[PDB]
Structure formats: C-alpha cells, structure tokens
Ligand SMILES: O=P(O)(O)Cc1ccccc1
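Before any questions on how it binds or moves, here is one chain, the form deposited without this ligand, in structure tokens.
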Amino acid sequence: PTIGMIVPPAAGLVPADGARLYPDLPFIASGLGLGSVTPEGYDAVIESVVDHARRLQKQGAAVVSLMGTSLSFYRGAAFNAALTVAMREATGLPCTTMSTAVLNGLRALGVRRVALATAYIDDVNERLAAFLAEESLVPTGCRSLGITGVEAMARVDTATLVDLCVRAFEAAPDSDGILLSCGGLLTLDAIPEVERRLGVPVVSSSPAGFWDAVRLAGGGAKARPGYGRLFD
C-alpha cells in the first residue's frame, strides 16, 4: 500500500530515509510549509494537517502519517491523539503521527528511562518531556542543538548527531535508551554508531516514523540492515 506522509517543509519531499530503509516501498508526500521549528511556527500550519491528509488520500495514499514530531507533541498527548482522530475521520484511512511513532518505538524496545537528544530549542524540549511523561516515560535529561530553521535540519552532520546522542546519554547513563528527536535530521549513519558505542538503543524521529507507518500499512515489510535495533 502507498504510504502518504505530511512533512513540515514547503517542498513536500518524501523524507530521504524511506529509500534507504524500505527501497521497494511506495511513499508520497505533501508539504505544510512550516516556517520555523517553534510553537508560533506550528500554530501557522497546524490547522492545515487535515487538508493535507485529504490531499494525500486523493493521490492514492492508503495510510497517512504526520511526519513531524514537534507538530504532533507541542500541545501534549491528548492533542496528538485528537489530531490523529481528525485525520482518520476526514479520510477514512488509518492515520498516525511521528510522536506516536517514537512513542511506539520506545515502547517496543522496552525503553522507560529515556535520554533526550534533540535539534530543538528548550521551549520545545520542555514540551517533548511533558508529552513523554504523560505517556508514562521518564525523561532523564536533555542535550540539544537549539535550531529553529526547518530546512536547516538536513545539514546537521553525522558526527554532530553521534556526539549529541553520546552527550545526552553521558548525562544519564542509567537510561534505557535515547530519543533522537527531529524528523528533518539525517540520522541513519549516526544510529548504529551510537548503539555500538553505548550499548543502548536509539529511537530517531524519521526512521521511527517510517517503521511505524509501514507497520500501520500492514504488509510485514522488513527494513534493510544497519539502521538500528528498532528494525531488528
């Protein structure tokens, strides 16, 4: 089944990880045009998520994921759930979000005490931690990049991301795992290196969003190897 993805940037590209994780699977995307990775930014596009779900349905999507973590968690857990229900009611399709994806990935891996490694500014990190606590997880600490640019996220390099994860875990080495939050980041090369060095799993926004969307679509598809414990 074709999987549809609502993505933050105006360009509306399928996130790059899809072709690496699931080379044989069909994805399509629709772009919100988020202006900044901030609550003010989210407010300016959040009301269009339903319209974009419908746009994807009209292009043949069989399931829809809102592929933005912060767009889906910034208002708390009930809003993530309610927005999902609205997308489902509007489209008659199975729907999900990237916040649900990371929650499901952390749960699947048995992660309860979770170190946060994020691209975001602290107001957004506080909202992430509150969302996770609402959902019965225990954030242990946070290290972040403080970036508000949307398209800027793709240019953060692997070494920076590996270091970010290692520093977040260093602060709380009792953590069961690491949440690497921001679906605009290119994290696939960082993940196995972090897992190798630290011996705990990483749940990363974009890869988790794919893993979750592929689960929702129901084919049983298996990802290519080398992308982290979440994928086997």
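Numbering starts at 1 and runs along the sequence shown.
There is also a form deposited with this ligand bound; it is not shown, and the following applies to it.
- Only one of 78 to 86, 134 to 142, 106 to 114, 149 to 157 places residue heavy atoms within 4.5 angstroms of this ligand in the deposited bound form, namely 149 to 157.
- Although the partner is absent from the chain shown here, none of 56, 96 and 217 has a heavy atom within 4.5 Å of this ligand in the deposited bound form.
- With the partner removed from view, the residue among 29, 49, 164, 182 that has a non-hydrogen atom within 4.5 Å of this ligand in the deposited bound form turns out to be 182.
- Contact with this ligand in the deposited bound form, defined as a heavy atom within 4.5 Å, holds for exactly one of 168, 37, 191, 63, namely 37.
- Using a 4.5 angstroms threshold between heavy atoms, residue 207 stays clear of this ligand in the deposited bound form.
- This ligand is not shown here, and in the deposited bound form it never comes within 4.5 Å of any heavy atom of residue 178.
- The shortest heavy atom separation between residue 4 and this ligand in the deposited bound form exceeds 4.5 Å.
- For residue 129, no non-hydrogen atom is located within 4.5 Å of this ligand in the deposited bound form, even though that partner is not displayed.
- Scanning 51 to 76 for heavy atoms within 4.5 Å of this ligand in the deposited bound form gives 67, 68, 69, 70, 71 in sequence order.
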